[PDB]
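Okay, here's what each chain looks like letter by letter:
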Amino acid sequence: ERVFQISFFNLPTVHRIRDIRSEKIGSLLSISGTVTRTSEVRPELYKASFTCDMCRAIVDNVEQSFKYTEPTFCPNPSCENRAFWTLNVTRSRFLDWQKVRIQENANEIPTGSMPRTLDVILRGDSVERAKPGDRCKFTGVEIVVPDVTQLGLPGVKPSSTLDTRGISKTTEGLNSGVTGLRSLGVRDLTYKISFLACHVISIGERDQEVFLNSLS
Amino acid sequence: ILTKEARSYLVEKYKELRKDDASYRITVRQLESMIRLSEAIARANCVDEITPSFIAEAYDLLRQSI
Amino acid sequence: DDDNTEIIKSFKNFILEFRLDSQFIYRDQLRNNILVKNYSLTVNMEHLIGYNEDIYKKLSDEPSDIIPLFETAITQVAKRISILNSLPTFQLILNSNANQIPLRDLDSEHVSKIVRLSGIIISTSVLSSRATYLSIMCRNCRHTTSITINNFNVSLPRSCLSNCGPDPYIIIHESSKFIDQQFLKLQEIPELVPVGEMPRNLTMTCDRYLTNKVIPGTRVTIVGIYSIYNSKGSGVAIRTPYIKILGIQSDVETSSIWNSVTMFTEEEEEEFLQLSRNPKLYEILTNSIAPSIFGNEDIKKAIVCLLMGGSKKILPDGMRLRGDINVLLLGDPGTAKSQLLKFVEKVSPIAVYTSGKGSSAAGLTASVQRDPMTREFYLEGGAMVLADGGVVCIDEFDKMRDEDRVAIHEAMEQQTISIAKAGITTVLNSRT
Amino acid sequence: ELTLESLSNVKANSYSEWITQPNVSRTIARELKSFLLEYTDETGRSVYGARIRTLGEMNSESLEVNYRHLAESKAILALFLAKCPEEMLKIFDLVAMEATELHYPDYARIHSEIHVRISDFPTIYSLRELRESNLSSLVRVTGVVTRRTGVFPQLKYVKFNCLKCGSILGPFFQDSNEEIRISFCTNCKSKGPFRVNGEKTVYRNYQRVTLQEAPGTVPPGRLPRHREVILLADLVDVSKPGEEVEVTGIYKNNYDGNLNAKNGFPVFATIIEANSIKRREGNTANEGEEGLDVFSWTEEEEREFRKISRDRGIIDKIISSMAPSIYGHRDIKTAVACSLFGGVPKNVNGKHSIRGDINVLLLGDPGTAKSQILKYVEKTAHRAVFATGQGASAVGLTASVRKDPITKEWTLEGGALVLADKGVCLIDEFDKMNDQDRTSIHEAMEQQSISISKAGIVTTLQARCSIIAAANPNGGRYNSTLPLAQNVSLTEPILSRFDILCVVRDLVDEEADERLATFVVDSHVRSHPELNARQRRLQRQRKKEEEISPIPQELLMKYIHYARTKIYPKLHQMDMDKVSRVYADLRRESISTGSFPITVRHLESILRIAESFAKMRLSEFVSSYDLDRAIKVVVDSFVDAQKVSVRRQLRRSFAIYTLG
Ligand SMILES: Nc1ncnc2c1ncn2[C@@H]1O[C@H](COP(=O)(O)OP(=O)(O)OP(=O)(O)O)[C@@H](O)[C@H]1O
Ligand SMILES: Nc1ncnc2c1ncn2[C@@H]1O[C@H](COP(=O)(O)OP(=O)(O)OP(=O)(O)O)[C@@H](O)[C@H]1O
Ligand SMILES: [Mg+2]
Ligand SMILES: [Zn+2]
Ligand SMILES: [Zn+2]
Ligand SMILES: [Zn+2]
């Protein structure tokens, strides 16, 4: 089946990057900004499929939110199993994924200002439609992204937040992190605001036979 | 494309220009540029064949700048 | 154990029953080595093939497993022919005449097989310690134990012998025995590198009586085993190859420290003194310098004088006088100036050939580098450090940059290099 | 059993499962074997039988199969190979080995498996346009090699041992990108420690490389993209750091924890397992031609070489075929041909090395097609490098020293003269160049080596390269009333290293101008862009080559490569007195009246040119005609670089030697 997408446009009012508050999280918005960095078109895991190690039973359509999620309770028999699955990478569905960095326009920047930034996520057919240096108007939903490293990623590769640079001492303990959840353990979960975009617009052949076709 | 008489007119004009120069300023590149100008002038008139009048116009344009 | 005993017996019979003409060569070599405190034995593979082909076939397919059995056979024979016991396990050194394999032809087909190859030494590491006899004690019950290790690639037992912990055992460092380990780096012969490829390097390990035997820049021939060790590079299940040295042949007679002693048997000394008495030795030596170059007799005489060198004197007041000769050739193109420089490189026992265009002061005298692991600064040698006690041939000398050329002033006359960089202040010797 | 008609209908809703079924995989193997055995081209000769015959001779481990051949007949198998490479390749390797064991029985003692290399895949992608729809499919991607890991052994059949049950597990085929994961015992019935089963195992050669996008492909002003490529056994060390390559392979995906941790979404890593490699460094003939190497020959082509090599006047046709569309300048063409074929290097008793390559210099007036000749030489040469003027540096034409990003040790990197080892380096506008950059090639031009002493690295490299240079005279134009030394800025040390010097003069002449203009206009007329049609294209493109080329260019490239690779002529019987007299006369007539430096270095160029002319004929011995022709070339190269006052006397004085 074709994973469908719905693209909204022509919203009444447009927002700037400095109007982004947490009270619009989950709402449909439109924003404007200048693109300054784009990444590769990576494949994102959409509908996962696994096989039980012992039964060989097949599970399909396991939704994933922000981290690699395997199924829990086994399928149709008596077999008891909490883990040890094998992803069937061939059966699983994937999608295109891209991350772009944008900053404020030259006019919205005050007289003395260090420009604010944001992370916009393009997915599906909207990849590569924003090029660095251009001025583009995005529209989508404002979301919040947690730190998955302290959410217990399967591999040892995360290695509990390995770092190369020193974090800010000013916001050490000032950034309010929630605790209590069993998956976290004694850890503290943190959040940051990002944007997810569904529609992108920009606001800033010598063959005779094919040429005659286009014109009215 | 180039016709039969166009080639003869082109070689005659190149020979005349080389004679008038005397090799200090005129080379093969001038003949190639004259061919290019003739083709462009032909593209202007929306014609797929080149007439010696076009070569005469290109020759006049080359002479006006030397 | 029912096959190892027969293998040891076969080796001991080989040692004790091999004879050519009227002399047991391998029985006599052991006794001669024991007298001068050399605990080793050198065996030629052709003799082993001639004696019995099954014994050779056993060794050729399982070297790391068979070689220690020959090692213990040698020391069993030694205690019989020397004693009616501070004799350590002997060493086996092998000689081969098989075809030489290039470094770039070594691959997965040659794992766990004895190979023969040649290359250039570029670096020698420092000596390290490896344990052979380990005295062991437990942390709780506290009883003595011992372990014996051979260096042909072990850990302390993950248990207890007689509650004690998982693997409780500590090493009693006194009453433990150790040997000498060294690491060397190899490189391809410059003329055997394929087209458009840069030369590649390889790692070798030597033990005991094969340490301090080569110096950087030497051309050698190596007989050893091609093996791999798992370590550490994002590849899956990949290993790093290296070579364990079994035999070394070196062109330069000089050892690591160049003992300044004679390494010449009387059969060669007689030849040399007979040569020295030739009334026309000067002409013979002159004619031997580049026989493919016409004329230029005085330059060849000067080259001979440079090769022999003068005398060096030390005075009571600490003065040092230079005893080396420097030569400059400033001439017209096409006069064979650059075909003599490369000949002097070949003839000289120690010599380096460099170009003035592609050079620098750090590369010529000495450099200072940072160790990725220790993160400190150490000194690394250069062209004038490698070519110590030899000759350096600098071509295109007029094209040198004026900053790089002035760094040679002290080395040319005072024969020392002074470094005062990054907390390191030393003076290194350089007699070239 | 099934039939080729029955493979059209598919079941299991997936092509991979349809292919891997036992009944389908028996028809596929038979059809592939029939294709291997029974395919014939237009001339009626089976090509794959000849390739298999050559495979055993060369002790090769790989077979090259063209995609067009397998698509023209049995197109369903072509589609299956296009969509599902991994399962098709396992079967096709087995059938290839079975076909190989019909010409060389007992070949399993040399090599145990035969690998298949696919060629001429129709669709070519760029690294920028790779998406998720290309996952697990065969792709063709062009790029530039940047960094190479090096060769390490890798496990092939992985084994495990469990201690409490002492169980030995069956061999496992490693994915080469994912570690073999086993936790269940067939005997122990529970979790147990697993060893690697030390010793008694089979290894393969493994290497990894990074491909960036080529600067030409990248849009102007945008950042390039890169990907990772895994090279298995028989494919290691083929590509070198700095070259531009085209790789056919399989596009795969894998799960990475760090990628999911940093980005924050369940994204996957991608990598390409290389199947075929084709070099495109210096090649502009990629517009046509079929295969992985267009400089390699077959048996019938070698027989045709030996057939056309015994015709009288082969040298004249070879010279006439150099740059056919350029009119005149036959001495330049002769010098270019002599440089292209080359001489023979020598070593006397292992202590005296003699160079065997010819260097050429072109000094001429503007507008005389020197650069076009350099471009033609770049196209025809097997290995070619191009540089111009101020765009090259001292270490850009030589070896440079860089800190390795991984090992963090000073290392050597290549340059223009090293990339063109056993090739040709071309330097356009050789007089508009810094002296410090120009003087870097002094060692490489004669000694054919590069010596570096920097940062603890003391090494000597090898650059067996030939140099063809083009320059402009002082004032832009040549004064025929002055000697050479006052028409150029170069001194004797660099002028002596050149073998052939061609002075190109533009003079006023009505008939010559008329002929040149007629030729140029006809050339522009010819080059205007306005059974199977794909062979009608070939015959039409051959008809245009008929007029101005005695032999086709594709044949000539393989001819030059074969001649350089195989032939090594000698100089047993020759006239020493004539050469000695010529050298003495040339030396005498230089200091007396001349400004062209002649040393012993010019005596050897005559012998090199004689050996080159011998190579042109595919002969193993130099004759008298070749030596006389070399003497004539050298004499004509010296007489025509004089003043107009003494040229007539010098030509008459030197005319006795070139009687023929
Ligand atoms: N006297 C000679 N005998 C034999 N060969 C000679 C003689 N003089 C020159 N040659 C030959 O001339 C060629 C070039 O000589 P070489 O490379 O040594 O020049 P050079 O003196 O270093 O020149 P440059 O000053 O240009 O660097 C070599 O092939 C060399 O064998
Ligand atoms: N017989 C010919 N002689 C000269 N030029 C020719 C000839 N036939 C064609 N041409 C054309 O004349 C033009 C001049 O050639 P080109 O650009 O190589 O000259 P150049 O002065 O040698 O170049 P450069 O300064 O780049 O080295 C080219 O377009 C070439 O194709
Ligand atoms: Mg020289
Ligand atoms: Zn189950
Ligand atoms: Zn204990
Ligand atoms: Zn078990």
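Residues numbered from 1 in each chain as written, not as in the entry; some residues may be left out. Chains lettered and ligands numbered in written order. Part of a larger assembly, values for the part shown. Heavy atoms only, no water.

**Concerning the domain arrangement of chain A**
Residue and element names in this part refer to chain A.
Argument step 1. Domain boundaries assigned for chain A yield domain 1 (14–42 + 96–147 + 190–204) and domain 2 (43–95).
Argument step 2. For domain 1 versus domain 2, the separation of C-alpha centres amounts to 33 Å.
Argument step 3. Listed as interface residues are eight residues of domain 1 and, on the opposing side, four residues of domain 2.
Argument step 4. Interface area for domain 1 against domain 2, summed over the two sides, is near 520 Å², with a carbon-plus-sulfur share of 69%.
Argument step 5. Taken as a group, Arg 42, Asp 96 and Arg 123 account for 58% of the area that domain 1 buries against domain 2, more than any other trio of residues on that side.
Argument step 6. For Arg 123, the salt bridge goes to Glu 44, with nearest N and O atoms at 3.5 Å.
Argument step 7. In this assembly, domain 1 and domain 2 are joined by zero residue pairs in polar contact.
Argument step 8. Sorting elements by how many residues they give to the side of domain 1 that touches domain 2 places strand 7 (residues 135–146) first, with three residues.
Argument step 9. A breakdown of the residues in the side of domain 1 that touches domain 2 according to their chemical character gives five nonpolar, no polar and three charged. (Domains from an automatic or database assignment. Contact = heavy atoms within 4.5 Å. Buried area = accessible area lost by both parts, 1.4 Å probe. Salt bridge = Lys/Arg side-chain N within 4 Å of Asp/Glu carboxyl O. Polar contact = N/O pair within 3.5 Å; in protein donor to acceptor, adjacent residues only side chain to side chain. Helix = DSSP H or I, 4+ residues; strand = E, 2+ residues; numbered from the N terminus. Nonpolar A, V, L, I, M, F, W, Y, C, P; charged D, E, K, R; others polar.)

**Let's talk about the packing of aromatic side chains**
Two measures describe an aromatic ring pair: the distance that separates the ring centres and the angle between the ring planes.
Argument step 1. One pass over the structure, following the stated rule, counts 31 aromatic pairs over all chains.
Argument step 2. The interplanar angle of 70 degrees and the centroid separation of 6.3 Å between the aromatic rings of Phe 160 of chain D and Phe 194 of chain D together place this pair among those described as edge-to-face. Of the two residues, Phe 160 of chain D is situated in the loop between strand 5 (157–158) and strand 6 (161–162) and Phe 194 of chain D in strand 8 (residues 194–195); the sequence distance between them amounts to 34 residues.
Argument step 3. Consider the rings of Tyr 327 of chain D and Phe 519 of chain D, whose centres lie 5.6 Å apart with planes at 40 degrees: the pair is tilted. One end of the pair, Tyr 327 of chain D, is in the loop between helix 9 (314–320) and helix 10 (330–341); the other, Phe 519 of chain D, is in helix 16 (residues 510–526), with 192 residues separating them in the sequence.
Argument step 4. Under the relative-accessibility criterion, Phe 519 of chain D is labelled partly exposed at 24%.
Argument step 5. Among the aromatic residues, those joined into a ring-pair cluster are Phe 50, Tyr 68 and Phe 94 of chain A together with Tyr 255 and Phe 268 of chain D. (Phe/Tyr/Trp six-rings, centres within 6.5 Å; stacked < 30°, edge-to-face > 60°. Buried < 20%, exposed > 50% of the residue type's maximum accessible area, 1.4 Å probe, protein only.)

**Considerations on the nonpolar core**
Residues and elements named next belong to chain D.
Argument step 1. With 61 residues, the main nonpolar core has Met 322, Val 377 and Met 616 as its most contacted residues.
Argument step 2. Once residues lying within four places of it in the same chain are set aside, the contact partners of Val 377 are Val 336, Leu 340, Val 424, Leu 426 and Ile 468.
Argument step 3. In terms of nonpolar packing, the next biggest core, distinct from the first, is built from 39 residues, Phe 35, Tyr 48, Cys 84 and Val 95 among them. (Core = buried A, V, L, I, M, F, W, Y, C linked by side-chain atoms within 4.5 Å.)

**Focus: the arrangement of the chains**
Argument step 1. Across the four pairs of chains in contact, the largest number of contacts is found between chains C and D.
Argument step 2. In this assembly chain B lies apart from chain C, the nearest approach of their C-alpha atoms being 37 Å.

**Considerations on the interface of chain D and chain C**
Argument step 1. Each partner contributes to the interface: chain D provides 55 residues, whereas chain C provides 49 residues.
Argument step 2. Interface area, chain D with chain C, both sides summed: about 4200 Å², of which 56% is carbon and sulfur.
Argument step 3. Its largest share of buried area at the contact with chain C, chain D owes to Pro 153, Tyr 203 and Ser 453 of chain D, together 13% of the area lost on that side.
Argument step 4. Summed over the shared surface of chain D and chain C, the number is three salt bridges.
Argument step 5. For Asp 237 of chain D, the salt bridge is made with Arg 200 of chain C, and the minimal N-O distance between the two is 3.3 Å.
Argument step 6. Where chain D touches chain C, the interface holds 13 residue pairs in polar contact.
Argument step 7. Of all the elements in the fold, those that place two or more residues in the side of chain D that touches chain C are strand 4 (152–155), strand 9 (203–212), strand 14 (352–354), strand 18 (410–413), helix 14 (442–446), strand 20 (449–454) and strand 21 (457–462) of chain D.
Argument step 8. Tallied by class, the residues present in the side of chain D that touches chain C amount to 16 nonpolar, 23 polar and 16 charged.

**Things to note about the site of ligand 1**
Argument step 1. Residues in contact with ligand 1 amount to 17 residues; listed here are only the nearest, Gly 334, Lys 337, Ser 338 and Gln 339 of chain C together with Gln 447 of chain D.
Argument step 2. Those chains with residues close to ligand 1 are chains C and D.
Argument step 3. Taking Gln 339 of chain C, its side chain carries an N or O atom lying 3.1 Å from an oxygen atom of ligand 1.
Argument step 4. At 3.2 Å, a side-chain N or O of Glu 604 of chain D approaches an oxygen atom of ligand 1.
Argument step 5. For ligand 1, whose accessible area on its own is 650 Å², the fraction buried by protein is 88%.
Argument step 6. A class-by-class count of the residues in the shell around ligand 1 yields five nonpolar, seven polar and five charged. (Near = heavy atom within 4 Å. Areas by Shrake-Rupley, 256 points an atom, 1.4 Å probe, with all protein chains shown as cover.)

**Some details on the sheet that holds strand 23 (residues 500–504) of chain D**
All names here are of chain D.
Argument step 1. In space, the five strands of this open sheet follow the order 16-19-22-15-23, with parallel pairing throughout. Each edge of the sheet is formed by a strand with only one pairing partner; in this case those strands are strand 16 (384–388) and strand 23. Neighbour to neighbour, the strand axes of the sheet diverge by 15 degrees on average, direction disregarded.
Argument step 2. Judged from the five bridges that link them, strand 15 (residues 360–364) and strand 23 form a sheet pairing that is parallel. Note that in strand 23 the partner of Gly 364 across the bridge is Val 504. (Pairing = 2+ DSSP bridges. Axes fitted to C-alpha atoms, helices over the stretch in contact; angles between N-to-C directions.)

**Quick notes on the coordination of the zinc ion (ligand 5)**
Argument step 1. The protein atoms that coordinate the zinc ion (ligand 5) are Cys 138 of chain C (SG), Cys 141 of chain C (SG), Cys 160 of chain C (SG) and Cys 164 of chain C (SG), at distances spanning 2.3 to 2.4 Å.
Argument step 2. Taken together, the four donor atoms coordinating the zinc ion (ligand 5) and their angles of 106 to 114 degrees define a geometry best described as tetrahedral. (Donors = N, O, S within 2.8 Å, 3.2 Å for Na, K, Ca; no water. Tetrahedral: all angles 85-135°; square planar, octahedral: opposite > 155°, others 65-115°.)

**Looking at the packing of helix 1 (residues 4–21) of chain B against helix 3 (residues 52–64) of chain B**
Residues and elements named next belong to chain B.
Argument step 1. Interhelical geometry of helix 1 versus helix 3 gives an angle of 20 degrees and a closest axis separation of 9 Å. Here helix 3 runs roughly parallel to helix 1, going by the angle between their axes. Seen along the crossing, helix 1 lies across helix 3 with a hand that is right-handed. Between helix 1, through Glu 5, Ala 6, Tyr 9, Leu 10, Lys 13, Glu 16 and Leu 17, and helix 3, the contact on the second element is made entirely by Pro 52, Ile 55, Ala 56, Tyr 59 and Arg 63.
Argument step 2. Its residues assigned to classes, the contact of helix 1 with helix 3 comprises eight nonpolar, no polar and four charged. (Parallel < 35°, antiparallel > 145°, perpendicular 65-115°, else oblique. Left-handed = near helix turned anticlockwise from the far one by under 90°.)

**A look at the interface of chain D and chain B**
Argument step 1. Every contact between the two is made by 17 residues of chain D and, on the other side, 17 residues of chain B.
Argument step 2. Here chain D packs against chain B, burying approximately 1700 Å² in sum over the two surfaces, 63% of which is carbon and sulfur.
Argument step 3. The three residues of chain D that bury the most area against chain B are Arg 477, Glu 510 and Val 521 of chain D, which together make up 29% of that side's buried surface.
Argument step 4. Of the charged contacts, one joins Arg 18 of chain B and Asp 506 of chain D as a salt bridge, the two residues approaching to 3.5 Å between their closest N and O atoms.
Argument step 5. Our count for the contact surface shared by chain D and chain B stands at four residue pairs in polar contact.

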